[PDB]
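Just one chain follows, in the form deposited in one PDB entry, and it is written as structure tokens.
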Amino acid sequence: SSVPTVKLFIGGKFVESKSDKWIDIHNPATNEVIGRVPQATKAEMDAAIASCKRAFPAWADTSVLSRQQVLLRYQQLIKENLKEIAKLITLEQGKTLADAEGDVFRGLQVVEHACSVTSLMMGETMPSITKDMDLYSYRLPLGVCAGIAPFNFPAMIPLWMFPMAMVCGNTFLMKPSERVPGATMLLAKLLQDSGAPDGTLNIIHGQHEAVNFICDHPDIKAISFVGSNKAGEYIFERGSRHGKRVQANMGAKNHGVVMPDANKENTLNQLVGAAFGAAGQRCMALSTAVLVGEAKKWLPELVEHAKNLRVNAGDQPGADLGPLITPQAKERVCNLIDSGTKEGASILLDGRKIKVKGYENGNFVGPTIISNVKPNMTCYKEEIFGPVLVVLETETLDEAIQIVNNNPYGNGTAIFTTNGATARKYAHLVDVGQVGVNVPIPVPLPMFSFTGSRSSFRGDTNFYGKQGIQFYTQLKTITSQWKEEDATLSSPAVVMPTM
């Protein structure tokens, strides 16, 4: 009856932590302790950073072609071991097997995009700016980088963070979430088996202690974070204070706009899948719906569609949404629903008291739909991050756009309509960096960049894409001048260069 311990990854060797404080890993479907992740000690984190620094020079001096082949073999291994990572994700995080497979597939797509380093790391040149003078620039790695991933995406966020940084020539110190480290450990093992030199990738687990270590250590040049607003802002501030570039994606309150001329059944199915998919534990979940004009008549049909969802453990066949991450999240969602009810909101569907056969101890919360919600309610201002859908009613699209713009969180939004003018007006007037036309989850594919907004993102450059490549890299502009008279030594030049 010995609980397995999550191994660290320092210097290319899976080593057990020598710390005293341990964090228990619970299965959200049964709340049973399945493992223990340790809090990395000062000495262990120091050794990890030292290994990253020692591997930086050799890994950077290595040609980009070798890193490309390494990442290609890593993507191959991911393809080979996709179902194992999906099962580990369903076990730790609790999301449905299909959700874990989609997560691993999006991570694989991000890796495959990163495999284009040959074309992404290309610089620029300008010959003959002046007589016998040239100008060109190079893209070079920054140094030791760090990453902090959330619990809702055990595999997608690490594959966003560390592959891009490593392939560009950096060495990454990945700090995965303390609730789902198994996916990150499997990814690190697959990377080590793909030819990655020892010390290039290192992993440490721990609570705010590790975050402070990452944000305070001077040898770390870049920090990537995805998670809540509080932790994201704290990390961004603590990083910028020491001079580290930090890109942090924070909570979101994406709004869905349903126009009267939109496809009824398809729009309702999309709303359901996006609001209750993965138990709503996504930074891109369409947790808010705005029914414009005659769209108010679709509330009964939306509730009927939401009633057809199956709430069961992730590993069970036919499951739609899994349980929540921890009982604390369930209590928070229940308290937020209670507050919404106390503020005058009407609940059309209530799944708080749902009970699953064989999983009575799991953190399950059924689909919840709240109507008559106003912008001044707590359930609207606070990020539910669960299987709850708040619905607002407006008479014109102008009011919907105004409501969307007034909300601080703008990670993404979607408008459903069959009229091109309406979609164009919405996409042009809405102050959201990720707009979706008939698409509820407008997650930009890897070749593009995850375009955060005012409140749902901090920093300057995005996570992946060309933005991602530019973030983990720095430009070295070289102004070269080779006078023609120096090609054949005849006499020294006594004239300073003049345009």
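All residue numbers are counted from 1 along the displayed sequence. So that the term is clear: the rigid core is the largest set of C-alpha atoms that superpose within 1.5 Å between two forms.
This protein has a second form, the form deposited in another entry, left out of what is shown; the following refers to that one.
Enquirer: Taking only shifts of 2 Å or more in Cα after a rigid core superposition between this form and the one not shown, tell me which of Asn152, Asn170, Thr267, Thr184 qualifies.
Expert: That would be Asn152.
Enquirer: How does the CA gap of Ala155 and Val388 change in the other form versus this form, closer or farther, if it moves 3 angstroms or more?
Expert: Relative to this form, closer in the other form.
Enquirer: Relative to what is shown, are the Cα atoms of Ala155 and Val365 closer or farther apart in the other form, where the gap shifts by 3 Å or more?
Expert: Compared with the shown chain, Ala155-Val365 is closer in the other form.
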